[PDB]
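In what follows, every chain begins at residue 1, and chains take the letters A, B, ... in the order their sequences are listed. The analysis underlying the following values was restricted to heavy atoms, covering all of them including side chains, and did not include hydrogens, waters or symmetry mates. Numbering of ligands and ligand atoms starts at 1, following listing order.
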Amino acid sequence: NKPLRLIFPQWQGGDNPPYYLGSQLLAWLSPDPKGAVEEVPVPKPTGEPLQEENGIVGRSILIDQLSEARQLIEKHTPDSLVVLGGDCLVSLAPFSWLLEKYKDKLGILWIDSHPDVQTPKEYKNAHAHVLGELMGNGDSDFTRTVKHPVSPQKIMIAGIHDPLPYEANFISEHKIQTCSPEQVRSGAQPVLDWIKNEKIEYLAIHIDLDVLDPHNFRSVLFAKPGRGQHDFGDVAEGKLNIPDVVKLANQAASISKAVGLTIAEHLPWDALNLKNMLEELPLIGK
Amino acid sequence: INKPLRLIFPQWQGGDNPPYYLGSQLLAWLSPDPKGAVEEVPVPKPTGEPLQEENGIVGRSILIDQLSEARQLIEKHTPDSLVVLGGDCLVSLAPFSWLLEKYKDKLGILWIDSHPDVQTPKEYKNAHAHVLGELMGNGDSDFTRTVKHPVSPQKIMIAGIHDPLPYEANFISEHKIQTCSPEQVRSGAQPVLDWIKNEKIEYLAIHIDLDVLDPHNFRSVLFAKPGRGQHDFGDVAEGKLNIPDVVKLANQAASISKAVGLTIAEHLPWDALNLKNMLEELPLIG
Ligand SMILES: [Zn+2]
Ligand SMILES: [Zn+2]
Ligand SMILES: [Zn+2]
Ligand SMILES: [Zn+2]
């Protein structure tokens, strides 16, 4: 067995500098690694704004980091991947690798308030594109790297609620299964039935931390200090708590072999503000 | 030459709250690189075994041992300045006592806190509420006996304090301790600047209790504990300042006096702790 942990502090897919610290802090908080560790080279945020590049903010650097993530994976030819992001787009190369290795026996359990199936026609921040790209849909600079696109029947989106009209149509068109926060709480029966009926032997788990209720976990986008009610376009916000997500992941991993785990979209507002405070205070560091 | 010392002091027993330990380690990781020497006070990690009240003080004996060891580490370096990454507020006892021995009545103590920390075991069993009084030579003899040069009360300024308890209002009045309210801080901190000028404060020790911060905007303090109710903390005063107010205040004061001490205390990073435990419990990484 050969696991690889990828520290992937990508922040450009969500155009939000604090993802970088969020990935480094996630890495610091994590248990000791079981196998190999690599960090994907990501330029630190400098305050210079990213620009839209043919409909995608930061297109060029995202393609570079996607290429470098794949190179680091190939270097270790791992059978399992833990990805410490970073915005949701960090899962593209890791889950593409797992699709090449495990093919139609892989299922993708996408734990997110949102389905991440938009394209640059709908949204300029690429962290909303990644699950669609794993199906081979969307912007070809990204889908060209996906050699074994996942069937929509081998996806389960858990924690999703109140989807946008585009997203509900996409989910409906492609027959993609979902599992609401309510059904996660009541035992995640759709996830168990899906693993059995779609013969999911290997499992890639993506945890977008914004599946979590921001009232109880305050290091996600929707817990940004000083926010107003409509600051995020009234898109869906998290309704699960950490024990719900842990239980769901362990339920699914008990009836299939977990080979992927991504933790994405950590936005540690307190740690960021504390880091900046210490930099600005007298004496310390000076 | 000037000899600085950074003291990492993950004491959690003074506030009887295990997450202070992680709070100190995280603060050390978030801080800029140290300029001089670094020591870490050995503190036993919380084991879940509850601390006991010992003659009116929770965890009395281990707090005395940690005080003695912190003093030893300071005297090993005989530093001219000290940065203390706590830890509950009691971590400032040995560092500020040393600074008082060195700088004597030329030192002012700027205590940035929602609370004055002048209680004794008669009022409160958690020793983090005792430390400023002990620096004045008041209170429990196991702690005051270590303070060779007690600070005179006119060389104290408590900034960010509001709505004190009756015992504390009487203590402050009887000893003529100067204060500065959150509102006065936001309007320019005129009481603090006046105090530096009028008392001719030449050297400055700054204690920052992070619970001076409004828990609505900084969520890593006691009063931002997820799921709290309104009266869980006895309706004691809660923080009203924001991080930019504290940074400005500290830099105002250090612009007209020589900063020789800085303590950052009472960090309780609820999100980091909850994420750390989540990762330990998840498949593949846990
Ligand atoms: Zn996502
Ligand atoms: Zn999301
Ligand atoms: Zn305090
Ligand atoms: Zn306090």
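- To the nearest 0.5 Å, atom CD1 of residue A:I111 and atom CG of residue A:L240 are 8.5 Å apart.
- Within the protein, the N, O or S atoms lying under 2.8 Å from the Zn ion (ligand 3) are B:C89 SG, B:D113 OD2, B:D117 OD2, B:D209 OD2.
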Give every donor-acceptor pair under 3.5 Å between a side-chain atom in residues 130-138 of chain B and any protein atom, sequence neighbours left out.
from, atom 1, to, atom 2, distance (Å)
B:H130, NE2, B:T120, O, 3.4
B:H130, NE2, B:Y124, O, 2.7

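- Here the closest heavy-atom approach between residue A:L267 and residue A:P18 is recorded as CD2-CB, 3.7 Å.
- By the side-chain hydrogen bond (donor to acceptor under 3.5 Å, both in side chains) test, A:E173 is found to be paired with A:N169, residues two or more places apart in sequence or in another chain being considered.
- When the salt bridge (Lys or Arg N to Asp or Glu O under 4.0 Å) test is applied to A:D139, the partners found at least two apart in sequence or on another chain are A:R59.
- Distance alone, capped at 3.5 Å, is enough to place a donor-acceptor pair between the B:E168 side chain and the B:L165 backbone.
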